[PDB]
2 protein chains.
Amino acid sequence: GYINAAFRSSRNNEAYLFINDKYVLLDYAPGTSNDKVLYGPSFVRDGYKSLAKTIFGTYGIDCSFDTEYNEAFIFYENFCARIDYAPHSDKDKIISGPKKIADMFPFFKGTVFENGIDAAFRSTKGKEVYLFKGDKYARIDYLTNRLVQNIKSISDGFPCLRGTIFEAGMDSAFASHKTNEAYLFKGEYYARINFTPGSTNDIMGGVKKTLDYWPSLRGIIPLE
Amino acid sequence: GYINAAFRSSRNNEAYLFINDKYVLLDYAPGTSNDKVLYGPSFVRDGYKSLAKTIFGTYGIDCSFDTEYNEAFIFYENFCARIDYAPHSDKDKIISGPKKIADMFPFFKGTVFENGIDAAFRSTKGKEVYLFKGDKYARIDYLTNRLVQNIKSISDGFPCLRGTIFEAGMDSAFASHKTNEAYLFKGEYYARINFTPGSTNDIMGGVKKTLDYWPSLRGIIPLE
Ligand SMILES: [Mg+2]
Ligand SMILES: [Mg+2]
């Protein structure tokens with residue numbers, strides 16, 4: 001039981017990480033000692049009143065991504081929604097959904113992302129997002145609803161992951177407040193990256209273990 | 001666009017019918033000609049505020065059944081919920097779920113019923129319910145969450161439907177308010193059967209075009 005989905009918040013250096021039917025709000029300390037839990041562990045249903053009576057309350061959220069404002073997209077299997085998470089507040093709302101993935105992003109009909117998605121993180125370029133399923137990643141425009149470029153392998157636009165455990169997927173990803181950094185998680189390891197939008201590019205590069213850099217996660221991952 | 005799901009109402013001679021992502025309430029009037037629509041045809045999200053923000057409000061309901069009181073199980077693909085439908089009021093609520101079928105009815109795990117049920121009707125015997133997927137049926141007790149018998153073909157438990165279009169599947173069903181009777185629906189054809197719990201009882205044989213005998217469904221099915 002590891003982090004299944006994550007997305008980057010609207011506060012500075014704050015992120016949201018979904019494990020099981022649960023989540024935690026994190027101050028993830030990109031460049032200082034003290035990374036710390038602001039809220040949770042808490043069930044999705046109990047912290048997200050607006051999701052208490054949906055499939056996301058019952059089971060949680062298995063992929064996810066920040067959009068803009070205090071809005072993010074959230075996924076469970078075939079199913080997704082757009083939400084207002086209302087950080088450090090209580091006024092969370094469903095804006096679109098719950099819809100299937102094919103009806104929310106029609107360009108995934110016939111793809112491998114149709115019936116479910118592992119991980120996502122928000123890009124720096126315009127309205128771009130990187131999505132990931134099995135050995136494949138996808139680049140999209142959540143605003144125009146458009147597949148910016150063809151479905152390709154992770155190793156193709158993130159070649160620095162070849163031979164690593166991310167060569168064949170990602171359990172969980174989220175985007176950093178540090179420009180062009182993203183956190184990728186799988187099993188019990190985490191990864192930091194500097195990616196450049198629209199270029200075959202590297203680093204990194206220092207694949208680390210999660211709790212050895214993430215002490216505010218001890219006791220909480222694994223979740224068994 | 002025909003009938004997809006029905007359950008019998010607690011108000012005598014009334015039934016709810018789910019078509020597409022829509023519903024109707026109806027005095028289906030078995031002892032009379034004076035059939036009538038009571039409510040709708042409305043959207044599920046609108047009629048049922050409890051369901052407004054759910055996969056059911058988005059996509060409608062594909063199978064349901066009366067249990068007891070003002071309560072009914074409702075389904076769409078692998079998910080389902082118990083709700084109180086609050087006859088003729090605002091005050092309709094989610095009791096249980098939304099869960100997957102395999103978490104609501106564990107004994108369905110590994111069977112055809114796990115990814116979806118076609119239709120279902122309340123038995124007169126105890127807390128028992130009959131359910132159909134494809135060309136098989138189940139006999140359950142929803143109160144002790146168990147399968148009363150092995151899943152066999154409709155042909156085997158219901159010998160009256162042999163050589164009828166109902167032999168390989170039912171799209172929708174509900175029990176009458178009269179003893180040992182249920183209605184069944186596939187396309188534009190329907191039938192009224194007289195069922196004895198735990199028997200090989202043949203009859204009846206009245207497979208009729210639905211619009212012919214349901215005056216108050218002209219304009220509604222086939223819902224385009
Ligand atoms: Mg995942
Ligand atoms: Mg059906």
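Each chain gets a letter, A, B and so on, in the order the sequences are listed, and its residues count up from 1. Atoms within each ligand, like the ligands themselves, are counted from 1 in listed order.
Taking the N/O/S atoms of A:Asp171 in turn, the shortest distance to the Mg ion (ligand 1) belongs to O. Shortest distance from the Mg ion (ligand 1) to A:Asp118 is reached at O (N/O/S atoms only). Distances from the Mg ion (ligand 1) to the N/O/S atoms of A:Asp62 are shortest for O.
Using a 4.0 Å cut-off between charged nitrogen and carboxylate oxygen, A:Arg11 and A:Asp27 do not count as a salt-bridge pair. Ionic pairing of A:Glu68 and A:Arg122 is present here: one or more N-O contacts between side-chain nitrogen and carboxylate oxygen are shorter than 4.0 angstrom. Here B:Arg8 pairs with B:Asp66 in a salt bridge; the nearest charged N to carboxylate O distance falls below 4.0 Å.
Ring pair A:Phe65/A:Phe73: centre-to-centre distance below 6.0 Å.
At least one N, O or S atom of A:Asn4 sits under 2.8 Å from the Mg ion (ligand 1).
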